[PDB]
Amino acid sequence: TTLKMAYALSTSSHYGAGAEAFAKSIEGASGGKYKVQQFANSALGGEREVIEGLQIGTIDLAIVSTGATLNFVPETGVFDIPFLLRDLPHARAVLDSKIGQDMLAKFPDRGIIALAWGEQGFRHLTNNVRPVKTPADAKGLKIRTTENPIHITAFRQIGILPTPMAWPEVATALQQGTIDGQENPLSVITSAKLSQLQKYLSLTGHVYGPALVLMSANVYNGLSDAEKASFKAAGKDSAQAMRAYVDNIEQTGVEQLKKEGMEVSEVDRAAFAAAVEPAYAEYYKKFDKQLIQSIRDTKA
Ligand SMILES: CC(C)(CO)[C@@H](O)C(=O)[O-]
Ligand SMILES: [Cl-]
């Protein structure tokens, strides 16, 4: 059985590393009973369509951001609150804990199996208009966001004009100048060639970007208990490969982007965190305050 695995970016990206690790894991475990064929570079559409495909069973596997997943499992949105997950060790500890694992168990009610929390890293603001050194500098910029309402609410707080847009639209819109910028981690800014589309980078690190390794219920439900365990294991191997890719690009990424001609600014992240904090008025209408505190207090 050849399973079809979709993702948005190149085979040399963190998604590619994750998909390759998944493929090797399941092919080895299954003695070749299951093989993975990769559909990179958004060939099967935007992430929303990919998730819809898993629900119907036309796509078997995927690695996606949390850009479009709140339309399916809104409860996970808590992880998308700017500055809540503080750094890579904290984010990983939270997602690997019962807090994160309990969230994965919410997907099957929607016809989706969530095998593991993978990773993109911390998202940064890019644009074509001017350097952004302070939150004031960002006001008035037309910045593309994902479809994620938690992100959109945050950016409104510093006067950004957000335009939610699926990923396949972004390069064209940047070139056309209908949006001034976007935000994504070093892993994406490098692998998606955004230095060719964006003059300025500010290292806001405003939110951790998780990823999800997903599988169709169609396929998963058909498996034995041993086979289900092997897909969960491959999910974990995929997540580890993504985290290792991120650990590496976090060391080299800014240097790479400067070489490619980007003007990179460090910022005072505490100023940005303070500027977006009033959005908690909205977040507390969606998420339990005690869950948010438990995330804060998760160690490591
Ligand atoms: C680039 C991306 C599709 C990766 O999942 C996502 O981070 C997004 O939509 O910005
Ligand atoms: Cl897991």
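Oh and the sequence shown: position 76 is 101 in the authors' numbering, straight run, nothing missing. All C-beta atoms in this analysis are idealised placements derived from N, C-alpha and C, irrespective of residue type, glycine included.
### Message
Here's a check: name, in chain order, each residue in its chain whose Cβ is nearer than 6 Å to the Cβ of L237, leaving out the five neighbours to either side.
### Response
In the sequence shown, residue 237 corresponds to position 212, counting from 1. If we look at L237 and ignore the five residues flanking it on each side, its Cβ neighbours are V89, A139.
### Query
Over what stretch of residues does the alpha helix (DSSP H) that includes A306 continue unbroken?
Along the sequence shown, one-based indexing puts residue 306 at 281. Taken as a continuous stretch (DSSP letters only), the alpha helix (DSSP H) holding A306 covers 305-311.
#### Entry: 3 or more residues per run - each beta strand (DSSP E) lying fully within the region 82-149
Complete beta strand (DSSP E) runs here, min 3: 86-90.
### Query
Grouping DSSP H, G and I as helix and E and B as strand, with all else coil, what is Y40?
Here residue 40 is taken as the residue at index 15 of the sequence shown, counted from 1. It is helical.
### Message
By DSSP's criteria, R169 is part of a beta bridge. Which residues make up the other side?
### Response
Counting from one through the sequence shown, the residue named residue 169 turns up at place 144. Its beta-bridge partners are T188.
### Query
Of the residues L28, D293, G78, which one's Cα is nearest the Cα of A44?
In the sequence shown, counting from the first residue as 1, residue 44 sits at position 19. Ranking the options by Cα distance to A44, first place goes to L28.
### Message
Nearer than 7 Å: is that true of the beta carbon of residue 23 relative to any heavy atom of ligand 1?
### Response
With the chain covering 26 to 325 only, the question about residue 23 has no answer from this structure.
#### Entry: Whole-angstrom C-beta distance between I204 and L282, which should lie under 8 Å
Counting from one through the sequence shown, the residue named residue 282 turns up at place 257. Counting from one through the sequence shown, the residue named residue 204 turns up at place 179. Incorrect: roughly 19 Å between the Cβ atoms, too far for contact.
### Query
Can you round the beta-carbon distance between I175 and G102 to whole angstroms, since I take them to be within the 8 Å contact cut?
As a working note, residue 175 is residue 150 in the sequence shown. As a working note, residue 102 is residue 77 in the sequence shown. Indeed, because the Cβ distance is near 5 Å, the residues count as touching under 8 Å.
### Message
Judging by CA-CA distance, which residue of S38, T159, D121, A46 is the nearest neighbour of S263?
### Response
Within the sequence shown, the letter at position 238 stands for residue 263. Relative to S263, the option among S38, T159, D121, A46 whose CA is nearest is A46.
### Task
Taking only the alpha-carbon atoms, compute the straight-line gap between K131 and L79 and give it to the nearest angstrom.
Within the sequence shown, numbered from 1, the residue matching residue 131 stands at position 106. Within the sequence shown, numbered from 1, the residue matching residue 79 stands at position 54. One C-alpha to the other measures close to 15 Å.
### Query
Between the beta-carbon of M240 and the beta-carbon of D85, is there less than 8 Å?
On the sequence shown, position 215 is the one that residue 240 refers to. On the sequence shown, position 60 is the one that residue 85 refers to. In this structure, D85 lies closer than 8 Å to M240 by Cβ.
### Message
Could you tell me the alpha carbon to alpha carbon distance between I183 and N243, rounded to whole angstroms?
### Response
The residue given as residue 183 occupies position 158 in the sequence shown. The residue given as residue 243 occupies position 218 in the sequence shown. Taking the straight line joining both Cα atoms gives about 43 Å.
### Task
Give the DSSP-derived three-state secondary structure of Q63 in the structure shown.
The residue given as residue 63 occupies position 38 in the sequence shown. Three-state result, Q63: strand.
### Which of helix, strand or coil DSSP assigns to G230
The residue labelled residue 230 in the question sits at position 205 within the sequence shown. Strand.
### Query
If you drop the 5 nearest sequence neighbours on each side, which residues of the same chain put their C-beta closer than 8 Å to that of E52?
Within the sequence shown, numbered from 1, the residue matching residue 52 stands at position 27. In the same chain as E52, and ignoring 5 residues on each side of it, the C-beta atoms closer than 8 Å to its own belong to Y59, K60, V61, in chain order.
### Message
Just verifying my parser: in three-state terms, what is the DSSP assignment at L211?
### Response
Residue numbering aside, residue 211 sits at position 186 when the sequence shown is read from its first letter. In the structure shown, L211 sits in a helix (DSSP, three-state: H, G or I).
### Message
So for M267, helix, strand or coil by DSSP?
### Response
By one-based count along the sequence shown, residue 267 stands at place 242. In this structure, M267 counts as helix in the three-state DSSP scheme.
### Query
Taking just the CA atoms, how far does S50 sit from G57?
Translated into the one-based positions of the sequence shown, residue 57 becomes position 32. Translated into the one-based positions of the sequence shown, residue 50 becomes position 25. Rounded to whole angstroms, the separation of the alpha carbons of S50 and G57 is 10 Å.
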